[PDB]
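Visitor: Got a structure for you, my_file00.tsv, holding TSV, C-alpha atoms.
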```tsv
chain	number	residue	atom	x	y	z
A	1	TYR	CA	27.97	60.41	165.08
A	2	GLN	CA	30.97	58.16	165.72
A	3	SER	CA	34.18	58.07	163.60
A	4	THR	CA	35.51	54.44	163.80
A	5	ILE	CA	39.08	53.85	162.50
A	6	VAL	CA	39.06	52.86	158.82
A	7	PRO	CA	40.70	49.43	158.27
A	8	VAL	CA	42.49	48.98	154.95
A	9	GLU	CA	43.85	45.73	153.54
A	10	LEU	CA	46.40	46.91	150.97
A	11	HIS	CA	46.96	45.20	147.59
A	12	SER	CA	49.35	47.50	145.78
A	13	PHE	CA	50.92	50.93	146.05
A	14	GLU	CA	47.84	52.23	144.14
A	15	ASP	CA	45.93	51.70	147.43
A	16	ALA	CA	47.91	54.57	149.00
A	17	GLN	CA	44.94	56.69	147.76
A	18	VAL	CA	42.57	54.67	150.00
A	19	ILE	CA	44.62	55.56	153.12
A	20	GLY	CA	45.04	59.11	151.75
A	21	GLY	CA	41.36	59.81	151.10
A	22	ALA	CA	40.21	58.67	154.53
A	23	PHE	CA	43.03	60.43	156.41
A	24	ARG	CA	42.59	63.64	154.36
A	25	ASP	CA	38.92	63.72	155.40
A	26	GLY	CA	39.93	63.41	159.06
A	27	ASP	CA	39.65	59.71	159.78
A	28	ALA	CA	42.23	57.58	161.50
A	29	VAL	CA	43.29	54.63	159.27
A	30	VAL	CA	44.78	51.33	160.23
A	31	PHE	CA	46.34	49.46	157.34
A	32	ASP	CA	47.61	45.95	156.71
A	33	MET	CA	50.65	45.45	154.44
A	34	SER	CA	50.94	41.64	154.79
A	35	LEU	CA	49.88	41.04	151.13
A	36	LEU	CA	52.40	43.55	149.78
A	37	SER	CA	55.93	42.97	148.58
A	38	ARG	CA	58.73	44.45	150.74
A	39	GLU	CA	59.18	47.17	148.06
A	40	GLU	CA	55.51	48.19	148.09
A	41	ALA	CA	55.22	48.18	151.91
A	42	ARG	CA	58.13	50.63	152.10
A	43	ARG	CA	56.45	52.84	149.48
A	44	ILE	CA	53.19	52.88	151.42
A	45	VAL	CA	54.88	53.88	154.70
A	46	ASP	CA	56.76	56.72	152.98
A	47	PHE	CA	53.57	57.98	151.27
A	48	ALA	CA	51.78	57.76	154.69
A	49	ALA	CA	54.60	59.74	156.34
A	50	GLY	CA	54.04	62.45	153.67
A	51	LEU	CA	50.30	62.44	154.47
A	52	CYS	CA	50.98	62.82	158.17
A	53	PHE	CA	53.50	65.59	157.65
A	54	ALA	CA	51.17	67.59	155.40
A	55	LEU	CA	48.22	67.46	157.80
A	56	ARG	CA	50.17	67.47	161.09
A	57	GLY	CA	49.08	63.92	161.92
A	58	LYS	CA	50.94	61.03	163.53
A	59	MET	CA	51.97	57.66	162.19
A	60	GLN	CA	52.20	54.72	164.59
A	61	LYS	CA	53.74	51.32	163.91
A	62	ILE	CA	51.57	48.59	165.45
A	63	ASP	CA	53.64	45.69	164.09
A	64	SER	CA	55.90	44.87	161.09
A	65	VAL	CA	52.84	44.75	158.74
A	66	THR	CA	50.37	47.09	160.52
A	67	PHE	CA	50.49	50.84	160.85
A	68	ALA	CA	48.00	53.54	161.71
A	69	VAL	CA	47.75	57.20	160.67
A	70	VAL	CA	45.94	59.50	163.08
A	71	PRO	CA	44.76	63.07	162.28
A	72	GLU	CA	45.94	66.08	164.32
B	1	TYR	CA	54.80	90.02	148.06
B	2	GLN	CA	56.10	87.36	145.66
B	3	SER	CA	56.28	83.60	146.40
B	4	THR	CA	59.32	82.24	144.43
B	5	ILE	CA	59.61	78.42	144.15
B	6	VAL	CA	61.75	76.99	146.97
B	7	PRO	CA	64.79	75.08	145.61
B	8	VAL	CA	65.96	72.16	147.72
B	9	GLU	CA	69.18	70.18	147.27
B	10	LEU	CA	68.46	66.92	149.09
B	11	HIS	CA	71.05	65.04	151.19
B	12	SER	CA	69.07	62.27	152.83
B	13	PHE	CA	65.52	61.11	153.37
B	14	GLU	CA	65.52	63.31	156.53
B	15	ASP	CA	65.29	66.29	154.11
B	16	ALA	CA	61.74	65.20	153.18
B	17	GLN	CA	60.75	67.60	156.03
B	18	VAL	CA	62.33	70.52	154.12
B	19	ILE	CA	60.08	69.85	151.09
B	20	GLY	CA	57.17	69.14	153.46
B	21	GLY	CA	57.44	72.34	155.50
B	22	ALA	CA	57.57	74.63	152.49
B	23	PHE	CA	54.80	72.82	150.59
B	24	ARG	CA	52.59	72.63	153.71
B	25	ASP	CA	52.86	76.42	154.06
B	26	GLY	CA	51.75	76.86	150.44
B	27	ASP	CA	54.98	77.19	148.52
B	28	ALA	CA	55.90	75.32	145.38
B	29	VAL	CA	59.16	73.35	145.85
B	30	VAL	CA	61.61	72.15	143.28
B	31	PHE	CA	64.00	69.52	144.56
B	32	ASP	CA	67.22	67.92	143.36
B	33	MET	CA	67.85	64.22	144.14
B	34	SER	CA	71.21	63.88	142.30
B	35	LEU	CA	73.17	63.45	145.59
B	36	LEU	CA	70.82	60.75	146.87
B	37	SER	CA	71.09	57.00	146.53
B	38	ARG	CA	68.48	55.30	144.29
B	39	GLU	CA	66.76	54.02	147.48
B	40	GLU	CA	66.51	57.49	149.06
B	41	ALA	CA	65.31	59.20	145.84
B	42	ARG	CA	62.43	56.70	145.64
B	43	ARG	CA	61.56	57.39	149.30
B	44	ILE	CA	61.50	61.14	148.71
B	45	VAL	CA	59.17	60.87	145.69
B	46	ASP	CA	56.76	58.64	147.63
B	47	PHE	CA	56.77	61.01	150.63
B	48	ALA	CA	56.18	63.94	148.19
B	49	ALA	CA	53.27	62.06	146.57
B	50	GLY	CA	51.75	61.72	150.08
B	51	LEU	CA	52.20	65.48	150.63
B	52	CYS	CA	50.50	66.26	147.34
B	53	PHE	CA	47.63	63.89	148.00
B	54	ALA	CA	46.96	65.31	151.48
B	55	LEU	CA	46.85	68.93	150.32
B	56	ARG	CA	45.39	68.37	146.84
B	57	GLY	CA	48.61	69.50	145.14
B	58	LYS	CA	50.39	68.23	142.04
B	59	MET	CA	53.76	66.59	141.60
B	60	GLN	CA	55.64	67.12	138.33
B	61	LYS	CA	58.72	65.25	137.13
B	62	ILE	CA	61.14	67.70	135.49
B	63	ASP	CA	63.88	65.10	134.89
B	64	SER	CA	65.21	61.84	136.43
B	65	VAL	CA	66.67	63.78	139.43
B	66	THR	CA	64.38	66.86	139.58
B	67	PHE	CA	60.78	67.08	140.67
B	68	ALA	CA	58.47	69.85	141.77
B	69	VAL	CA	55.48	69.90	144.13
B	70	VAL	CA	52.90	72.60	143.51
B	71	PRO	CA	50.09	73.59	145.94
B	72	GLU	CA	46.41	73.42	144.92
```
Please rewrite the model in this file as structure tokens.

Guide:
Amino acid sequence: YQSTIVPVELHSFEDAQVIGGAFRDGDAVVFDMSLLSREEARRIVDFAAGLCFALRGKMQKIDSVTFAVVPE
Amino acid sequence: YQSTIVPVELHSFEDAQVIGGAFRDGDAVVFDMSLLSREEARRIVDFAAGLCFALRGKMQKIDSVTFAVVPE
């Protein structure tokens, strides 16, 4: 069974849990921050860095509004 | 062998890895943000929330400049 990257269009910092749940279960996540304020985008990236640290994953910047988190 | 909470006096956002390493190994961490700028304190708390989410831990606010992360 294939494990396609989970795409997430973010709406607020509360959606950090959507990236977190998928990544915690072992899925790569690609997320879009273009509907967020500058403040909330920063918050998401910091939360995602904490996810990656905890589970030994890697965060990749695709562009100014698109990042991916990839499991170990 | 006892597992005493790890106290961390933070100096920059780079010290998120000090909270992260201890919490990832299963230690509770109590950290002080009184030497940080407002910007960096926010960044630390968001990174710590990502750590807690990933490993099913809990973050507790002690006061405006002191928080703890506790493993599951």

Visitor: In Å, rounded to a single decimal, give me how far atom CA of residue A:55 is from atom CA of residue B:31.

Guide: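 Taking atom CA of residue B:31 and atom CA of residue A:55, their separation equals 20.7 Å.
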
Visitor: Please determine the contact residues of chain B with respect to chain A at a cut-off of 12 Å, counting all atoms listed in the file, and supply them as a ChimeraX atom specification.

Guide: /B:13-26,39-57,71

Visitor: Quick one: of A:72, A:65, A:1, A:6, who's nearest to residue A:28, counting all atoms listed in the file?

Guide: A:6

Visitor: Could I have chain A as a CSV table (one decimal) with C-alpha atoms, in the frame of the given file after it is superimposed on chain B by least squares, pairing all C-alpha atoms in sequence order?

Guide:
```csv
chain,number,residue,atom,x,y,z
A,1,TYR,CA,54.8,90.0,148.1
A,2,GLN,CA,56.1,87.4,145.7
A,3,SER,CA,56.3,83.6,146.4
A,4,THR,CA,59.3,82.2,144.4
A,5,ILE,CA,59.6,78.4,144.1
A,6,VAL,CA,61.7,77.0,147.0
A,7,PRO,CA,64.8,75.1,145.6
A,8,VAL,CA,66.0,72.2,147.7
A,9,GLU,CA,69.2,70.2,147.3
A,10,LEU,CA,68.5,66.9,149.1
A,11,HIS,CA,71.0,65.0,151.2
A,12,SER,CA,69.1,62.3,152.8
A,13,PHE,CA,65.5,61.1,153.4
A,14,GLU,CA,65.5,63.3,156.5
A,15,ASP,CA,65.3,66.3,154.1
A,16,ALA,CA,61.7,65.2,153.2
A,17,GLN,CA,60.7,67.6,156.0
A,18,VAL,CA,62.3,70.5,154.1
A,19,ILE,CA,60.1,69.9,151.1
A,20,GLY,CA,57.2,69.1,153.5
A,21,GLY,CA,57.4,72.3,155.5
A,22,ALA,CA,57.6,74.6,152.5
A,23,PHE,CA,54.8,72.8,150.6
A,24,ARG,CA,52.6,72.6,153.7
A,25,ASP,CA,52.9,76.4,154.1
A,26,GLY,CA,51.7,76.9,150.4
A,27,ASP,CA,55.0,77.2,148.5
A,28,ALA,CA,55.9,75.3,145.4
A,29,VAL,CA,59.2,73.3,145.8
A,30,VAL,CA,61.6,72.2,143.3
A,31,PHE,CA,64.0,69.5,144.6
A,32,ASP,CA,67.2,67.9,143.4
A,33,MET,CA,67.9,64.2,144.1
A,34,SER,CA,71.2,63.9,142.3
A,35,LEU,CA,73.2,63.4,145.6
A,36,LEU,CA,70.8,60.7,146.9
A,37,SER,CA,71.1,57.0,146.5
A,38,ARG,CA,68.5,55.3,144.3
A,39,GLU,CA,66.8,54.0,147.5
A,40,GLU,CA,66.5,57.5,149.1
A,41,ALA,CA,65.3,59.2,145.8
A,42,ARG,CA,62.4,56.7,145.6
A,43,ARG,CA,61.6,57.4,149.3
A,44,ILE,CA,61.5,61.1,148.7
A,45,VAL,CA,59.2,60.9,145.7
A,46,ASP,CA,56.8,58.6,147.6
A,47,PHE,CA,56.8,61.0,150.6
A,48,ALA,CA,56.2,63.9,148.2
A,49,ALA,CA,53.3,62.1,146.6
A,50,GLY,CA,51.8,61.7,150.1
A,51,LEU,CA,52.2,65.5,150.6
A,52,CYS,CA,50.5,66.3,147.3
A,53,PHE,CA,47.6,63.9,148.0
A,54,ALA,CA,47.0,65.3,151.5
A,55,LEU,CA,46.9,68.9,150.3
A,56,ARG,CA,45.4,68.4,146.8
A,57,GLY,CA,48.6,69.5,145.1
A,58,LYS,CA,50.4,68.2,142.0
A,59,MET,CA,53.8,66.6,141.6
A,60,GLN,CA,55.6,67.1,138.3
A,61,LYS,CA,58.7,65.3,137.1
A,62,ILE,CA,61.1,67.7,135.5
A,63,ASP,CA,63.9,65.1,134.9
A,64,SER,CA,65.2,61.8,136.4
A,65,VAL,CA,66.7,63.8,139.4
A,66,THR,CA,64.4,66.9,139.6
A,67,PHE,CA,60.8,67.1,140.7
A,68,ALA,CA,58.5,69.9,141.8
A,69,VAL,CA,55.5,69.9,144.1
A,70,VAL,CA,52.9,72.6,143.5
A,71,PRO,CA,50.1,73.6,145.9
A,72,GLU,CA,46.4,73.4,144.9
```

Visitor: Could you list, as a PyMOL selection string, every residue within 12 Å of residue A:64, counting all atoms listed in the file and ignoring same-chain residues fewer than 2 positions away?

Guide: chain A and resi 31-34+36+38+41-42+45+60-62+66-68

Visitor: Tell me which of A:37, A:12, A:58, A:4 sits closest to residue A:70, counting only C-alpha atoms.

Guide: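 Among the listed residues, the smallest separation from residue A:70 belongs to A:58.
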
Visitor: Rounded to one decimal place, report the atom CA of residue B:30-atom CA of residue B:7 distance in Å.

Guide: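 Atom-to-atom, atom CA of residue B:30 and atom CA of residue B:7 are spaced 4.9 Å apart.
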
Visitor: Figure out the distance between atom CA of residue B:2 and atom CA of residue B:63, please, to one decimal in Å.

Guide: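 Distance reported for this atom pair: 25.9 Å.
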
Visitor: Mind filling out stretch 26-45 of chain A with N, CA, C and O atoms and sending it as a PDB file, in the coordinates of the input?

Guide:
```pdb
ATOM      1  N   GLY A  26      39.875  63.312 157.607  1.00  0.00           N
ATOM      2  CA  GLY A  26      39.930  63.410 159.060  1.00  0.00           C
ATOM      3  C   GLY A  26      39.713  62.125 159.824  1.00  0.00           C
ATOM      4  O   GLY A  26      39.477  62.147 161.041  1.00  0.00           O
ATOM      5  N   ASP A  27      39.797  60.995 159.113  1.00  0.00           N
ATOM      6  CA  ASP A  27      39.650  59.710 159.780  1.00  0.00           C
ATOM      7  C   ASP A  27      40.992  59.100 160.103  1.00  0.00           C
ATOM      8  O   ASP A  27      41.944  59.194 159.320  1.00  0.00           O
ATOM      9  N   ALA A  28      41.060  58.405 161.226  1.00  0.00           N
ATOM     10  CA  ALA A  28      42.230  57.580 161.500  1.00  0.00           C
ATOM     11  C   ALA A  28      42.114  56.362 160.582  1.00  0.00           C
ATOM     12  O   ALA A  28      40.982  55.948 160.249  1.00  0.00           O
ATOM     13  N   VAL A  29      43.269  55.795 160.157  1.00  0.00           N
ATOM     14  CA  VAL A  29      43.290  54.630 159.270  1.00  0.00           C
ATOM     15  C   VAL A  29      44.258  53.651 159.863  1.00  0.00           C
ATOM     16  O   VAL A  29      45.338  54.035 160.300  1.00  0.00           O
ATOM     17  N   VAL A  30      43.877  52.388 159.845  1.00  0.00           N
ATOM     18  CA  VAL A  30      44.780  51.330 160.230  1.00  0.00           C
ATOM     19  C   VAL A  30      44.912  50.454 158.994  1.00  0.00           C
ATOM     20  O   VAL A  30      43.894  49.994 158.444  1.00  0.00           O
ATOM     21  N   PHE A  31      46.156  50.208 158.568  1.00  0.00           N
ATOM     22  CA  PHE A  31      46.340  49.460 157.340  1.00  0.00           C
ATOM     23  C   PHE A  31      47.262  48.284 157.482  1.00  0.00           C
ATOM     24  O   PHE A  31      48.233  48.329 158.254  1.00  0.00           O
ATOM     25  N   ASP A  32      46.928  47.239 156.744  1.00  0.00           N
ATOM     26  CA  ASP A  32      47.610  45.950 156.710  1.00  0.00           C
ATOM     27  C   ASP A  32      48.429  45.825 155.434  1.00  0.00           C
ATOM     28  O   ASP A  32      47.882  45.986 154.334  1.00  0.00           O
ATOM     29  N   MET A  33      49.743  45.549 155.576  1.00  0.00           N
ATOM     30  CA  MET A  33      50.650  45.450 154.440  1.00  0.00           C
ATOM     31  C   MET A  33      51.134  43.994 154.240  1.00  0.00           C
ATOM     32  O   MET A  33      52.072  43.767 153.466  1.00  0.00           O
ATOM     33  N   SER A  34      50.456  43.014 154.880  1.00  0.00           N
ATOM     34  CA  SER A  34      50.940  41.640 154.790  1.00  0.00           C
ATOM     35  C   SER A  34      50.788  40.994 153.403  1.00  0.00           C
ATOM     36  O   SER A  34      51.471  39.995 153.143  1.00  0.00           O
ATOM     37  N   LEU A  35      50.003  41.603 152.489  1.00  0.00           N
ATOM     38  CA  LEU A  35      49.880  41.040 151.130  1.00  0.00           C
ATOM     39  C   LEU A  35      50.762  41.773 150.136  1.00  0.00           C
ATOM     40  O   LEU A  35      50.786  41.443 148.940  1.00  0.00           O
ATOM     41  N   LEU A  36      51.518  42.773 150.625  1.00  0.00           N
ATOM     42  CA  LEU A  36      52.400  43.550 149.780  1.00  0.00           C
ATOM     43  C   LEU A  36      53.791  42.951 149.716  1.00  0.00           C
ATOM     44  O   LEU A  36      54.248  42.299 150.665  1.00  0.00           O
ATOM     45  N   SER A  37      54.525  43.298 148.652  1.00  0.00           N
ATOM     46  CA  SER A  37      55.930  42.970 148.580  1.00  0.00           C
ATOM     47  C   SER A  37      56.644  43.934 149.551  1.00  0.00           C
ATOM     48  O   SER A  37      56.069  44.962 149.972  1.00  0.00           O
ATOM     49  N   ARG A  38      57.886  43.599 149.885  1.00  0.00           N
ATOM     50  CA  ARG A  38      58.730  44.450 150.740  1.00  0.00           C
ATOM     51  C   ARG A  38      58.836  45.850 150.111  1.00  0.00           C
ATOM     52  O   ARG A  38      58.643  46.857 150.812  1.00  0.00           O
ATOM     53  N   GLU A  39      59.053  45.894 148.781  1.00  0.00           N
ATOM     54  CA  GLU A  39      59.180  47.170 148.060  1.00  0.00           C
ATOM     55  C   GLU A  39      57.911  48.005 148.256  1.00  0.00           C
ATOM     56  O   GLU A  39      57.995  49.180 148.642  1.00  0.00           O
ATOM     57  N   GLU A  40      56.737  47.401 148.004  1.00  0.00           N
ATOM     58  CA  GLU A  40      55.510  48.190 148.090  1.00  0.00           C
ATOM     59  C   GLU A  40      55.179  48.611 149.501  1.00  0.00           C
ATOM     60  O   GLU A  40      54.659  49.717 149.667  1.00  0.00           O
ATOM     61  N   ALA A  41      55.490  47.793 150.528  1.00  0.00           N
ATOM     62  CA  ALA A  41      55.220  48.180 151.910  1.00  0.00           C
ATOM     63  C   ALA A  41      56.036  49.436 152.252  1.00  0.00           C
ATOM     64  O   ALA A  41      55.529  50.358 152.879  1.00  0.00           O
ATOM     65  N   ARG A  42      57.319  49.452 151.831  1.00  0.00           N
ATOM     66  CA  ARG A  42      58.130  50.630 152.100  1.00  0.00           C
ATOM     67  C   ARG A  42      57.509  51.875 151.452  1.00  0.00           C
ATOM     68  O   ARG A  42      57.490  52.953 152.062  1.00  0.00           O
ATOM     69  N   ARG A  43      57.059  51.733 150.210  1.00  0.00           N
ATOM     70  CA  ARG A  43      56.450  52.840 149.480  1.00  0.00           C
ATOM     71  C   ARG A  43      55.234  53.370 150.201  1.00  0.00           C
ATOM     72  O   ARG A  43      55.067  54.598 150.340  1.00  0.00           O
ATOM     73  N   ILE A  44      54.384  52.458 150.692  1.00  0.00           N
ATOM     74  CA  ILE A  44      53.190  52.880 151.420  1.00  0.00           C
ATOM     75  C   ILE A  44      53.557  53.685 152.653  1.00  0.00           C
ATOM     76  O   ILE A  44      52.959  54.725 152.893  1.00  0.00           O
ATOM     77  N   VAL A  45      54.519  53.212 153.439  1.00  0.00           N
ATOM     78  CA  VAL A  45      54.880  53.880 154.700  1.00  0.00           C
ATOM     79  C   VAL A  45      55.442  55.277 154.419  1.00  0.00           C
ATOM     80  O   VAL A  45      55.107  56.243 155.116  1.00  0.00           O
TER      81      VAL A  45
END
```
